[PDB]
>>> print(open('query.pdb').read())   # PDB, C-alpha atoms and all ligand atoms
ATOM      1  CA  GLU C   1       9.202  -5.645   8.314
ATOM      2  CA  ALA C   2       9.816  -9.085   9.889
ATOM      3  CA  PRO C   3      10.728  -9.408  13.619
ATOM      4  CA  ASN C   4      14.415 -10.024  14.054
ATOM      5  CA  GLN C   5      14.543 -13.066  16.271
ATOM      6  CA  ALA C   6      18.249 -13.807  16.215
ATOM      7  CA  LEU C   7      19.619 -14.840  19.624
ATOM      8  CA  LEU C   8      22.474 -12.865  21.187
ATOM      9  CA  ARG C   9      24.658 -15.226  23.223
ATOM     10  CA  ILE C  10      26.423 -13.825  26.262
ATOM     11  CA  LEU C  11      29.612 -15.715  27.035
ATOM     12  CA  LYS C  12      31.317 -16.127  30.411
ATOM     13  CA  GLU C  13      34.941 -14.906  30.329
ATOM     14  CA  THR C  14      35.805 -18.165  31.961
ATOM     15  CA  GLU C  15      34.488 -20.038  28.867
ATOM     16  CA  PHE C  16      37.465 -19.000  26.758
ATOM     17  CA  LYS C  17      41.255 -19.114  26.733
ATOM     18  CA  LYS C  18      43.077 -16.354  24.716
ATOM     19  CA  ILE C  19      46.339 -17.533  23.148
ATOM     20  CA  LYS C  20      48.054 -14.987  20.882
ATOM     21  CA  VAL C  21      47.612 -11.463  19.549
ATOM     22  CA  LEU C  22      46.449 -10.981  15.930
ATOM     23  CA  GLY C  23      45.627  -7.269  15.446
ATOM     24  CA  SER C  24      46.319  -4.178  17.637
ATOM     25  CA  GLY C  25      46.025  -0.413  17.021
ATOM     26  CA  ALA C  26      43.297   0.722  14.537
ATOM     27  CA  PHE C  27      40.451   0.399  17.169
ATOM     28  CA  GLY C  28      40.797  -2.752  19.264
ATOM     29  CA  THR C  29      43.025  -5.782  19.864
ATOM     30  CA  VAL C  30      42.187  -9.152  18.237
ATOM     31  CA  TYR C  31      43.241 -12.524  19.722
ATOM     32  CA  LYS C  32      43.565 -16.013  18.494
ATOM     33  CA  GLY C  33      41.803 -18.112  21.151
ATOM     34  CA  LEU C  34      39.759 -21.142  22.063
ATOM     35  CA  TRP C  35      36.201 -21.228  23.331
ATOM     36  CA  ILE C  36      35.009 -24.152  25.377
ATOM     37  CA  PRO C  37      31.245 -23.591  25.705
ATOM     38  CA  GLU C  38      29.628 -24.533  29.081
ATOM     39  CA  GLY C  39      29.678 -28.333  29.525
ATOM     40  CA  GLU C  40      29.902 -29.235  25.879
ATOM     41  CA  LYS C  41      33.252 -30.958  25.428
ATOM     42  CA  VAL C  42      33.860 -28.982  22.212
ATOM     43  CA  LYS C  43      36.574 -26.386  21.503
ATOM     44  CA  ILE C  44      36.071 -23.587  19.024
ATOM     45  CA  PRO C  45      38.848 -21.621  17.353
ATOM     46  CA  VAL C  46      37.754 -18.019  17.778
ATOM     47  CA  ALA C  47      38.857 -14.454  17.265
ATOM     48  CA  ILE C  48      38.337 -12.336  20.363
ATOM     49  CA  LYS C  49      38.070  -8.578  19.843
ATOM     50  CA  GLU C  50      37.910  -6.342  22.928
ATOM     51  CA  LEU C  51      38.526  -2.609  22.618
ATOM     52  CA  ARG C  52      41.740  -0.675  23.476
ATOM     53  CA  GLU C  53      41.315  -0.897  27.326
ATOM     54  CA  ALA C  54      40.024   2.574  28.545
ATOM     55  CA  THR C  55      36.337   2.748  27.633
ATOM     56  CA  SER C  56      34.324   5.519  25.951
ATOM     57  CA  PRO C  57      30.488   5.589  25.387
ATOM     58  CA  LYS C  58      31.385   6.471  21.757
ATOM     59  CA  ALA C  59      33.183   3.074  21.310
ATOM     60  CA  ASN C  60      30.774   0.480  22.850
ATOM     61  CA  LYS C  61      27.939   2.077  20.849
ATOM     62  CA  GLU C  62      29.719   0.714  17.692
ATOM     63  CA  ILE C  63      30.976  -2.743  18.742
ATOM     64  CA  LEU C  64      27.403  -3.509  19.865
ATOM     65  CA  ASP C  65      25.920  -2.226  16.643
ATOM     66  CA  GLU C  66      28.348  -4.393  14.842
ATOM     67  CA  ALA C  67      27.329  -7.290  17.121
ATOM     68  CA  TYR C  68      23.691  -6.572  16.339
ATOM     69  CA  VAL C  69      24.340  -7.029  12.642
ATOM     70  CA  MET C  70      26.659  -9.963  12.829
ATOM     71  CA  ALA C  71      24.174 -11.868  14.995
ATOM     72  CA  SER C  72      21.346 -11.264  12.576
ATOM     73  CA  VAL C  73      23.091 -12.841   9.636
ATOM     74  CA  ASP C  74      23.524 -16.512   8.898
ATOM     75  CA  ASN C  75      25.172 -17.387   5.575
ATOM     76  CA  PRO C  76      28.192 -19.471   4.675
ATOM     77  CA  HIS C  77      29.834 -16.340   3.142
ATOM     78  CA  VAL C  78      29.207 -13.805   5.927
ATOM     79  CA  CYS C  79      31.136 -13.923   9.158
ATOM     80  CA  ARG C  80      29.827 -16.057  11.958
ATOM     81  CA  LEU C  81      29.299 -14.025  15.212
ATOM     82  CA  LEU C  82      29.484 -16.390  18.165
ATOM     83  CA  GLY C  83      28.544 -14.200  21.149
ATOM     84  CA  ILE C  84      29.669 -11.277  23.290
ATOM     85  CA  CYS C  85      31.333 -11.058  26.647
ATOM     86  CA  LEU C  86      30.263  -8.247  28.930
ATOM     87  CA  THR C  87      33.390  -7.648  30.944
ATOM     88  CA  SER C  88      34.477  -4.030  31.718
ATOM     89  CA  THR C  89      35.740  -3.958  28.161
ATOM     90  CA  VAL C  90      33.196  -5.562  25.803
ATOM     91  CA  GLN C  91      34.578  -8.545  23.833
ATOM     92  CA  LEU C  92      33.258  -9.591  20.411
ATOM     93  CA  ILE C  93      33.646 -13.346  19.814
ATOM     94  CA  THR C  94      33.814 -14.571  16.255
ATOM     95  CA  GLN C  95      34.992 -17.544  14.199
ATOM     96  CA  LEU C  96      38.767 -17.660  13.814
ATOM     97  CA  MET C  97      39.619 -17.004  10.142
ATOM     98  CA  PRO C  98      42.999 -18.645  10.346
ATOM     99  CA  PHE C  99      44.526 -17.381   7.089
ATOM    100  CA  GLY C 100      43.743 -13.751   7.961
ATOM    101  CA  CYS C 101      42.124 -11.327   5.563
ATOM    102  CA  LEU C 102      41.980 -11.794   1.823
ATOM    103  CA  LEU C 103      43.867  -8.612   0.922
ATOM    104  CA  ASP C 104      46.883  -9.798   2.874
ATOM    105  CA  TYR C 105      46.512 -13.306   1.527
ATOM    106  CA  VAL C 106      46.698 -12.207  -2.061
ATOM    107  CA  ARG C 107      49.799 -10.017  -1.585
ATOM    108  CA  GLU C 108      51.624 -12.707   0.317
ATOM    109  CA  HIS C 109      50.749 -15.444  -2.183
ATOM    110  CA  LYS C 110      50.539 -13.990  -5.769
ATOM    111  CA  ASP C 111      52.919 -16.668  -7.151
ATOM    112  CA  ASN C 112      50.593 -19.465  -6.120
ATOM    113  CA  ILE C 113      47.064 -18.151  -6.583
ATOM    114  CA  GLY C 114      45.244 -19.538  -9.641
ATOM    115  CA  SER C 115      42.276 -18.448 -11.743
ATOM    116  CA  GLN C 116      40.211 -21.162 -10.083
ATOM    117  CA  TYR C 117      40.710 -19.553  -6.704
ATOM    118  CA  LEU C 118      40.262 -16.015  -7.910
ATOM    119  CA  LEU C 119      36.961 -16.711  -9.645
ATOM    120  CA  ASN C 120      35.726 -18.897  -6.784
ATOM    121  CA  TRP C 121      36.375 -16.023  -4.421
ATOM    122  CA  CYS C 122      34.531 -13.658  -6.705
ATOM    123  CA  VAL C 123      31.638 -16.069  -6.732
ATOM    124  CA  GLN C 124      31.706 -16.552  -2.974
ATOM    125  CA  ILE C 125      31.956 -12.809  -2.335
ATOM    126  CA  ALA C 126      28.959 -12.203  -4.677
ATOM    127  CA  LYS C 127      26.891 -14.828  -2.759
ATOM    128  CA  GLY C 128      27.668 -13.173   0.565
ATOM    129  CA  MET C 129      26.400  -9.902  -0.882
ATOM    130  CA  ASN C 130      23.371 -11.344  -2.560
ATOM    131  CA  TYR C 131      22.536 -12.773   0.825
ATOM    132  CA  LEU C 132      23.016  -9.471   2.681
ATOM    133  CA  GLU C 133      20.780  -8.080  -0.100
ATOM    134  CA  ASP C 134      17.969 -10.509   0.722
ATOM    135  CA  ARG C 135      18.227  -9.472   4.358
ATOM    136  CA  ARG C 136      17.793  -5.994   2.978
ATOM    137  CA  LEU C 137      21.185  -4.983   4.390
ATOM    138  CA  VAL C 138      23.746  -2.511   2.979
ATOM    139  CA  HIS C 139      27.427  -3.242   3.806
ATOM    140  CA  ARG C 140      28.817   0.195   2.808
ATOM    141  CA  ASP C 141      32.396  -1.047   3.243
ATOM    142  CA  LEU C 142      33.046  -4.037   0.948
ATOM    143  CA  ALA C 143      36.752  -4.337   0.201
ATOM    144  CA  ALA C 144      39.466  -6.935  -0.142
ATOM    145  CA  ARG C 145      40.518  -5.959   3.441
ATOM    146  CA  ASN C 146      37.048  -6.876   4.735
ATOM    147  CA  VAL C 147      36.806 -10.433   3.456
ATOM    148  CA  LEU C 148      38.419 -13.074   5.646
ATOM    149  CA  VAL C 149      39.900 -16.409   4.680
ATOM    150  CA  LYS C 150      38.780 -19.473   6.649
ATOM    151  CA  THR C 151      40.655 -21.626   4.177
ATOM    152  CA  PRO C 152      41.996 -20.699   0.731
ATOM    153  CA  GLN C 153      38.873 -22.300  -0.819
ATOM    154  CA  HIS C 154      36.431 -20.592   1.590
ATOM    155  CA  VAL C 155      36.179 -16.793   2.064
ATOM    156  CA  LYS C 156      33.538 -14.886   4.057
ATOM    157  CA  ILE C 157      32.500 -11.223   4.095
ATOM    158  CA  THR C 158      33.221  -9.312   7.301
ATOM    159  CA  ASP C 159      33.207  -5.908   8.973
ATOM    160  CA  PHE C 160      29.796  -4.507   9.861
ATOM    161  CA  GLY C 161      30.940  -1.257  11.515
ATOM    162  CA  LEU C 162      29.070   0.627   8.774
ATOM    163  CA  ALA C 163      26.449  -1.867   7.697
ATOM    164  CA  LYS C 164      22.917  -0.321   7.368
ATOM    165  CA  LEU C 165      19.278  -1.034   6.214
ATOM    166  CA  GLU C 166      13.917   2.782   2.640
ATOM    167  CA  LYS C 167      15.452   2.957  -0.880
ATOM    168  CA  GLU C 168      18.854   4.604  -0.074
ATOM    169  CA  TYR C 169      20.741   5.328   3.183
ATOM    170  CA  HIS C 170      21.405   9.033   3.860
ATOM    171  CA  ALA C 171      24.630   9.164   5.943
ATOM    172  CA  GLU C 172      26.081  12.021   8.066
ATOM    173  CA  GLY C 173      29.874  12.485   8.507
ATOM    174  CA  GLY C 174      32.658  10.087   9.605
ATOM    175  CA  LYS C 175      35.794   8.676   7.874
ATOM    176  CA  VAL C 176      34.916   6.885   4.626
ATOM    177  CA  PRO C 177      36.937   4.686   2.176
ATOM    178  CA  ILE C 178      36.744   6.956  -0.875
ATOM    179  CA  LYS C 179      38.541   4.758  -3.353
ATOM    180  CA  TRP C 180      35.842   2.049  -2.960
ATOM    181  CA  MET C 181      32.687   4.121  -3.081
ATOM    182  CA  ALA C 182      30.157   4.615  -5.777
ATOM    183  CA  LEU C 183      29.754   8.136  -7.098
ATOM    184  CA  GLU C 184      26.221   8.604  -5.714
ATOM    185  CA  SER C 185      27.872   7.782  -2.369
ATOM    186  CA  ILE C 186      30.678  10.326  -2.812
ATOM    187  CA  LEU C 187      28.387  13.209  -3.866
ATOM    188  CA  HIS C 188      25.084  12.640  -2.097
ATOM    189  CA  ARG C 189      26.021  10.116   0.620
ATOM    190  CA  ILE C 190      23.473   7.769  -0.939
ATOM    191  CA  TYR C 191      24.021   4.051  -0.273
ATOM    192  CA  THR C 192      22.003   1.344  -2.013
ATOM    193  CA  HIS C 193      22.728  -2.326  -2.707
ATOM    194  CA  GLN C 194      23.976  -0.939  -6.032
ATOM    195  CA  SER C 195      26.649   1.170  -4.382
ATOM    196  CA  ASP C 196      27.697  -2.109  -2.788
ATOM    197  CA  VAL C 197      27.969  -3.600  -6.281
ATOM    198  CA  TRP C 198      30.358  -0.779  -7.192
ATOM    199  CA  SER C 199      32.574  -1.611  -4.219
ATOM    200  CA  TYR C 200      32.398  -5.227  -5.321
ATOM    201  CA  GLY C 201      34.006  -4.251  -8.677
ATOM    202  CA  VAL C 202      36.759  -2.503  -6.804
ATOM    203  CA  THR C 203      37.237  -5.582  -4.561
ATOM    204  CA  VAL C 204      37.431  -7.770  -7.678
ATOM    205  CA  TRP C 205      39.986  -5.406  -9.132
ATOM    206  CA  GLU C 206      41.926  -5.630  -5.902
ATOM    207  CA  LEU C 207      42.043  -9.438  -6.280
ATOM    208  CA  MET C 208      42.911  -9.510  -9.976
ATOM    209  CA  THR C 209      45.850  -7.180  -9.449
ATOM    210  CA  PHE C 210      46.993  -9.282  -6.508
ATOM    211  CA  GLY C 211      46.223  -6.571  -4.085
ATOM    212  CA  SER C 212      47.099  -3.295  -5.681
ATOM    213  CA  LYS C 213      45.948   0.009  -4.300
ATOM    214  CA  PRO C 214      43.180   1.530  -6.412
ATOM    215  CA  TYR C 215      44.184   4.872  -7.902
ATOM    216  CA  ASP C 216      47.416   4.566  -6.064
ATOM    217  CA  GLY C 217      49.004   8.010  -6.208
ATOM    218  CA  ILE C 218      45.770   9.934  -6.765
ATOM    219  CA  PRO C 219      44.505  11.668  -3.532
ATOM    220  CA  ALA C 220      40.945  11.131  -2.292
ATOM    221  CA  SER C 221      39.981  14.785  -3.016
ATOM    222  CA  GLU C 222      40.192  14.393  -6.846
ATOM    223  CA  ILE C 223      38.370  11.057  -7.125
ATOM    224  CA  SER C 224      34.832  12.409  -7.463
ATOM    225  CA  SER C 225      36.108  14.434 -10.445
ATOM    226  CA  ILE C 226      38.157  11.625 -11.966
ATOM    227  CA  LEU C 227      35.124   9.284 -11.963
ATOM    228  CA  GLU C 228      33.099  12.133 -13.368
ATOM    229  CA  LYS C 229      35.487  12.505 -16.356
ATOM    230  CA  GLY C 230      34.567   8.878 -17.291
ATOM    231  CA  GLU C 231      37.762   7.362 -15.938
ATOM    232  CA  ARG C 232      37.781   4.030 -14.160
ATOM    233  CA  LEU C 233      40.625   1.796 -12.946
ATOM    234  CA  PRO C 234      42.893   0.104 -15.517
ATOM    235  CA  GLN C 235      42.407  -3.422 -16.801
ATOM    236  CA  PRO C 236      44.422  -5.908 -14.681
ATOM    237  CA  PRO C 237      47.183  -7.676 -16.726
ATOM    238  CA  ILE C 238      45.789 -11.170 -16.026
ATOM    239  CA  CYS C 239      42.227 -10.179 -17.031
ATOM    240  CA  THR C 240      40.451 -11.196 -20.197
ATOM    241  CA  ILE C 241      38.225  -8.457 -21.605
ATOM    242  CA  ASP C 242      35.214 -10.609 -20.465
ATOM    243  CA  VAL C 243      36.145 -10.377 -16.799
ATOM    244  CA  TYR C 244      37.150  -6.688 -17.032
ATOM    245  CA  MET C 245      33.943  -5.916 -18.835
ATOM    246  CA  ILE C 246      32.114  -7.202 -15.805
ATOM    247  CA  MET C 247      34.176  -4.969 -13.551
ATOM    248  CA  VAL C 248      33.384  -1.915 -15.724
ATOM    249  CA  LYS C 249      29.734  -2.707 -15.537
ATOM    250  CA  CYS C 250      30.015  -2.442 -11.736
ATOM    251  CA  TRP C 251      31.327   1.078 -12.077
ATOM    252  CA  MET C 252      28.604   2.782 -14.061
ATOM    253  CA  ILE C 253      27.107   6.152 -13.167
ATOM    254  CA  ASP C 254      23.491   5.064 -13.616
ATOM    255  CA  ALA C 255      23.402   2.738 -10.569
ATOM    256  CA  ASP C 256      20.480   0.709 -11.984
ATOM    257  CA  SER C 257      22.648  -0.127 -14.937
ATOM    258  CA  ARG C 258      25.151  -2.063 -12.797
ATOM    259  CA  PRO C 259      24.769  -5.811 -12.334
ATOM    260  CA  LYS C 260      22.791  -7.382  -9.489
ATOM    261  CA  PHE C 261      24.797  -9.593  -7.117
ATOM    262  CA  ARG C 262      22.648 -12.513  -8.189
ATOM    263  CA  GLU C 263      23.842 -11.861 -11.733
ATOM    264  CA  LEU C 264      27.443 -11.515 -10.650
ATOM    265  CA  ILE C 265      27.128 -14.963  -9.043
ATOM    266  CA  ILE C 266      25.853 -16.351 -12.342
ATOM    267  CA  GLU C 267      28.507 -14.692 -14.552
ATOM    268  CA  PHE C 268      31.552 -15.528 -12.381
ATOM    269  CA  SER C 269      30.260 -18.997 -11.741
ATOM    270  CA  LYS C 270      30.118 -19.648 -15.539
ATOM    271  CA  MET C 271      33.661 -18.384 -15.866
ATOM    272  CA  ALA C 272      34.710 -20.480 -12.882
ATOM    273  CA  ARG C 273      34.005 -23.675 -14.873
ATOM    274  CA  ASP C 274      36.657 -22.799 -17.382
ATOM    275  CA  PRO C 275      39.003 -20.561 -15.319
ATOM    276  CA  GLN C 276      41.775 -20.343 -17.866
ATOM    277  CA  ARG C 277      39.580 -19.003 -20.587
ATOM    278  CA  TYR C 278      38.830 -15.974 -18.484
ATOM    279  CA  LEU C 279      42.105 -15.440 -16.546
ATOM    280  CA  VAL C 280      45.568 -15.669 -18.090
ATOM    281  CA  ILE C 281      48.151 -16.383 -15.413
ATOM    282  CA  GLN C 282      51.640 -17.690 -16.009
ATOM    283  CA  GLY C 283      51.973 -21.046 -14.190
ATOM    284  CA  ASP C 284      48.253 -21.622 -13.545
ATOM    285  CA  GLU C 285      47.880 -25.450 -14.030
ATOM    286  CA  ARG C 286      51.063 -26.166 -11.872
ATOM    287  CA  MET C 287      49.973 -24.150  -8.722
ATOM    288  CA  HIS C 288      48.307 -25.366  -5.482
ATOM    289  CA  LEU C 289      47.664 -23.828  -2.025
ATOM    290  CA  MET C 290      46.274 -26.597  13.477
ATOM    291  CA  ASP C 291      49.353 -26.662  15.809
ATOM    292  CA  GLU C 292      48.494 -28.047  19.264
ATOM    293  CA  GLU C 293      48.966 -31.485  20.862
ATOM    294  CA  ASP C 294      45.632 -30.567  22.590
ATOM    295  CA  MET C 295      43.409 -30.335  19.459
ATOM    296  CA  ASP C 296      41.248 -33.460  20.024
ATOM    297  CA  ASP C 297      37.851 -31.888  20.559
ATOM    298  CA  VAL C 298      38.216 -28.966  18.133
ATOM    299  CA  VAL C 299      35.169 -28.197  15.983
ATOM    300  CA  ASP C 300      35.019 -25.324  13.507
ATOM    301  CA  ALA C 301      32.336 -22.733  14.287
ATOM    302  CA  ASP C 302      30.601 -23.817  11.038
ATOM    303  CA  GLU C 303      29.831 -27.170  12.646
ATOM    304  CA  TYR C 304      28.829 -25.723  15.953
ATOM    305  CA  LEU C 305      25.149 -25.037  15.507
ATOM    306  CA  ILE C 306      22.688 -24.051  18.223
ATOM    307  CA  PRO C 307      18.829 -23.884  17.866
TER
HETATM  308  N1  LIG C 401      37.562 -13.316  12.924
HETATM  309  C1  LIG C 401      38.872 -13.181  12.560
HETATM  310  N2  LIG C 401      39.637 -14.274  12.273
HETATM  311  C2  LIG C 401      40.930 -14.168  11.902
HETATM  312  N3  LIG C 401      41.576 -12.988  11.784
HETATM  313  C3  LIG C 401      40.944 -11.805  12.050
HETATM  314  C4  LIG C 401      39.521 -11.832  12.465
HETATM  315  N4  LIG C 401      39.154 -10.542  12.655
HETATM  316  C5  LIG C 401      40.237  -9.763  12.393
HETATM  317  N5  LIG C 401      41.313 -10.511  12.041
HETATM  318  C6  LIG C 401      42.682 -10.017  11.673
HETATM  319  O1  LIG C 401      43.085  -8.818  12.378
HETATM  320  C7  LIG C 401      43.272  -7.733  11.440
HETATM  321  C8  LIG C 401      42.791  -6.416  12.045
HETATM  322  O2  LIG C 401      41.584  -6.644  12.777
HETATM  323  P1  LIG C 401      40.189  -5.980  12.296
HETATM  324  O3  LIG C 401      39.352  -5.599  13.510
HETATM  325  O4  LIG C 401      39.583  -6.903  11.260
HETATM  326  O5  LIG C 401      40.739  -4.672  11.489
HETATM  327  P2  LIG C 401      40.636  -3.081  11.851
HETATM  328  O6  LIG C 401      41.929  -2.455  11.349
HETATM  329  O7  LIG C 401      40.263  -2.842  13.329
HETATM  330  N6  LIG C 401      39.333  -2.395  10.861
HETATM  331  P3  LIG C 401      38.159  -3.323   9.896
HETATM  332  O8  LIG C 401      38.844  -3.732   8.581
HETATM  333  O9  LIG C 401      37.045  -2.319   9.639
HETATM  334  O10 LIG C 401      37.769  -4.488  10.792
HETATM  335  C9  LIG C 401      42.493  -8.170  10.188
HETATM  336  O11 LIG C 401      42.924  -7.585   8.951
HETATM  337  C10 LIG C 401      42.675  -9.680  10.185
HETATM  338  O12 LIG C 401      43.922 -10.082   9.580
END
>>> encode(input="query.pdb", output="structure tokens", more="lines below")
Ligand SMILES: Nc1ncnc2c1ncn2[C@@H]1O[C@H](COP(=O)(O)OP(=O)(O)NP(=O)(O)O)[C@@H](O)[C@H]1O
Amino acid sequence: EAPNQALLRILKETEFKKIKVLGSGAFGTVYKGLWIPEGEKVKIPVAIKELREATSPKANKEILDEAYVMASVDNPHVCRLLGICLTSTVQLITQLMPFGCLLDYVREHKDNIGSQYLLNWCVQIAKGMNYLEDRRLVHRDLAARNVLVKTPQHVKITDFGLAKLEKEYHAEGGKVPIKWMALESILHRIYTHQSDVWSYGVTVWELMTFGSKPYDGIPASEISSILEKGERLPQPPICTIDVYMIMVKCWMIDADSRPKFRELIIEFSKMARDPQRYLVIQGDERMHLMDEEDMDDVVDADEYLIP
């Protein structure tokens, strides 16, 4: 395989002000913050993620693996990893996705989200994955919750705490999101780019139903059996057969039968030129979608390139 020559940047703690808390609980704490690189006269909105103070070998092992992945990817639809800070408690520094994650965004905005946005997201999510696929990299945790919103017109794939790289990954134990996983994954712990496709379909279904919970009510235990019966998730109200048909394709038992991300890009992108043919939403046409006196030298991460 090719040599992975990505650079890992180590940041001085003194190079960045924290400003507000964003997450807290599930593993670490996430902060809104600003990063003023060395003597650069730029300021970069970032998300700082250090881990729940007290440190365990078990924890750092994962944040660094994550950092390994995030640093080795460079696409407009995959999260930008900026660098790490090696203080007692290891901090991950990434691009601030101001509007939070997509799952929350859809719930909190259903009455103003139009087919144009929905299909654009679908397209942009597909491109992220196609790209990961070129880098021969398997996400293993694609879901509405793991796509972040930099602006409503620009989403990016995130969360590489499970990402892997061989024809199919053969996992061990650990806590897994059942309701998003292909069947080969549930029964054999096999993960290919095609099991990622399956989780794509579920993600799309999450978006089309404005953030429902797949198989809400059904417990994880039954799922393998349900999907074995031939059952899939229902057709979202707003969804033309065309769109839903693409979703169903994602959820086929013969994994080679499912579409390739590069095909998903094509199909959604066609649809995205005539959004209202493919998504029926009441109100569509009549719908549309920072805060410091000190914001003079602010530059989004996406314009802050380094060689
Ligand atoms: N780079 C970022 N920019 C903006 N908001 C973020 C960023 N990273 C995380 N958040 C927010 O903080 C929440 C929780 O942090 P996060 O670490 O993403 O979730 P988690 O519960 O630890 N598990 P996972 O979904 O696997 O990351 C997310 O759902 C986002 O709303």
>>> resolve_selection(input="query.pdb", expression="the PyMOL selection byres (((chain C and resi 112) around 7) and not hetatm)", output="list in words")
residues 109, 110, 111, 113, 114, 287, 288 and 289 of chain C
>>> closest_atom_pairs(input="query.pdb", of="chain C", to="ligand LIG 401 (chain C)", cutoff="9 Å", atoms="all atoms listed in the file", output="CSV")
residue,atom,partner,partner_atom,distance
C:21,CA,C:LIG401,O1,8.9
C:22,CA,C:LIG401,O1,5.3
C:23,CA,C:LIG401,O1,4.3
C:24,CA,C:LIG401,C8,7.0
C:25,CA,C:LIG401,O7,7.3
C:26,CA,C:LIG401,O6,4.7
C:27,CA,C:LIG401,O7,5.0
C:28,CA,C:LIG401,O7,6.0
C:29,CA,C:LIG401,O2,7.3
C:30,CA,C:LIG401,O1,5.9
C:31,CA,C:LIG401,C3,8.0
C:32,CA,C:LIG401,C2,7.3
C:45,CA,C:LIG401,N2,9.0
C:46,CA,C:LIG401,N1,6.8
C:47,CA,C:LIG401,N1,4.7
C:48,CA,C:LIG401,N1,7.5
C:49,CA,C:LIG401,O3,7.1
C:79,CA,C:LIG401,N1,7.5
C:80,CA,C:LIG401,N1,8.3
C:81,CA,C:LIG401,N1,8.6
C:93,CA,C:LIG401,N1,7.9
C:94,CA,C:LIG401,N1,5.2
C:95,CA,C:LIG401,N1,5.1
C:96,CA,C:LIG401,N2,3.8
C:97,CA,C:LIG401,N2,3.5
C:98,CA,C:LIG401,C2,5.2
C:99,CA,C:LIG401,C2,6.8
C:100,CA,C:LIG401,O12,4.0
C:101,CA,C:LIG401,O12,4.6
C:102,CA,C:LIG401,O12,8.2
C:103,CA,C:LIG401,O11,8.1
C:104,CA,C:LIG401,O12,7.3
C:141,CA,C:LIG401,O9,8.0
C:143,CA,C:LIG401,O8,8.7
C:145,CA,C:LIG401,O8,5.8
C:146,CA,C:LIG401,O8,5.3
C:147,CA,C:LIG401,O8,8.7
C:148,CA,C:LIG401,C2,6.8
C:149,CA,C:LIG401,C2,7.6
C:150,CA,C:LIG401,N2,7.7
C:158,CA,C:LIG401,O10,7.5
C:159,CA,C:LIG401,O10,5.1
C:160,CA,C:LIG401,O9,7.6
C:161,CA,C:LIG401,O9,6.5
C:162,CA,C:LIG401,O9,8.5
>>> write_last_selection(input="query.pdb", atoms="C-alpha atoms", output="compact mmCIF listing (two decimals), keeping the file's coordinate frame")
# COMPACT_ATOMS: atom_id res chain seq x y z
CA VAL C 21 47.61 -11.46 19.55
CA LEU C 22 46.45 -10.98 15.93
CA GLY C 23 45.63 -7.27 15.45
CA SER C 24 46.32 -4.18 17.64
CA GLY C 25 46.02 -0.41 17.02
CA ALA C 26 43.30 0.72 14.54
CA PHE C 27 40.45 0.40 17.17
CA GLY C 28 40.80 -2.75 19.26
CA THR C 29 43.02 -5.78 19.86
CA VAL C 30 42.19 -9.15 18.24
CA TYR C 31 43.24 -12.52 19.72
CA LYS C 32 43.56 -16.01 18.49
CA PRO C 45 38.85 -21.62 17.35
CA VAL C 46 37.75 -18.02 17.78
CA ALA C 47 38.86 -14.45 17.26
CA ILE C 48 38.34 -12.34 20.36
CA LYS C 49 38.07 -8.58 19.84
CA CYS C 79 31.14 -13.92 9.16
CA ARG C 80 29.83 -16.06 11.96
CA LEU C 81 29.30 -14.02 15.21
CA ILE C 93 33.65 -13.35 19.81
CA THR C 94 33.81 -14.57 16.26
CA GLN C 95 34.99 -17.54 14.20
CA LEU C 96 38.77 -17.66 13.81
CA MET C 97 39.62 -17.00 10.14
CA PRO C 98 43.00 -18.64 10.35
CA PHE C 99 44.53 -17.38 7.09
CA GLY C 100 43.74 -13.75 7.96
CA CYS C 101 42.12 -11.33 5.56
CA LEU C 102 41.98 -11.79 1.82
CA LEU C 103 43.87 -8.61 0.92
CA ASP C 104 46.88 -9.80 2.87
CA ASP C 141 32.40 -1.05 3.24
CA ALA C 143 36.75 -4.34 0.20
CA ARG C 145 40.52 -5.96 3.44
CA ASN C 146 37.05 -6.88 4.74
CA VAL C 147 36.81 -10.43 3.46
CA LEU C 148 38.42 -13.07 5.65
CA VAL C 149 39.90 -16.41 4.68
CA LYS C 150 38.78 -19.47 6.65
CA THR C 158 33.22 -9.31 7.30
CA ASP C 159 33.21 -5.91 8.97
CA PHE C 160 29.80 -4.51 9.86
CA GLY C 161 30.94 -1.26 11.52
CA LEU C 162 29.07 0.63 8.77
>>> closest_residue(input="query.pdb", among="C:260, C:140, C:179, C:249", to="residue C:221", atoms="all atoms listed in the file")
C:179
>>> residues_near_point(input="query.pdb", point="(30.5, -17.4, -8.6)", cutoff="7 Å", atoms="all atoms listed in the file", output="VMD selection string")
chain C and resid 119 to 120 122 to 124 126 264 to 269 272
>>> resolve_selection(input="query.pdb", expression="the PyMOL selection byres (((chain C and resi 253) around 9) and not hetatm)", output="ChimeraX atom specification")
/C:182-184,227-228,230,251-252,254-258
>>> decode(input="query.pdb", residues="stretch 158-162 of chain C", atoms="N, CA and C atoms", output="PDB file, in the first residue's frame")
ATOM      1  N   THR C 158     -18.342  12.721  10.046  1.00  0.00           N
ATOM      2  CA  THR C 158     -17.441  12.741  11.174  1.00  0.00           C
ATOM      3  C   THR C 158     -17.426  11.419  11.885  1.00  0.00           C
ATOM      4  N   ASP C 159     -16.756  11.405  13.024  1.00  0.00           N
ATOM      5  CA  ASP C 159     -16.660  10.255  13.930  1.00  0.00           C
ATOM      6  C   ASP C 159     -15.944   9.038  13.418  1.00  0.00           C
ATOM      7  N   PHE C 160     -14.649   8.982  13.720  1.00  0.00           N
ATOM      8  CA  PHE C 160     -13.768   7.892  13.265  1.00  0.00           C
ATOM      9  C   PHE C 160     -13.273   6.957  14.423  1.00  0.00           C
ATOM     10  N   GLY C 161     -13.980   7.003  15.550  1.00  0.00           N
ATOM     11  CA  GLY C 161     -13.810   6.008  16.590  1.00  0.00           C
ATOM     12  C   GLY C 161     -14.075   4.541  16.240  1.00  0.00           C
ATOM     13  N   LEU C 162     -14.408   4.227  14.995  1.00  0.00           N
ATOM     14  CA  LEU C 162     -14.580   2.834  14.618  1.00  0.00           C
ATOM     15  C   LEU C 162     -14.004   2.606  13.243  1.00  0.00           C
TER      16      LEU C 162
END
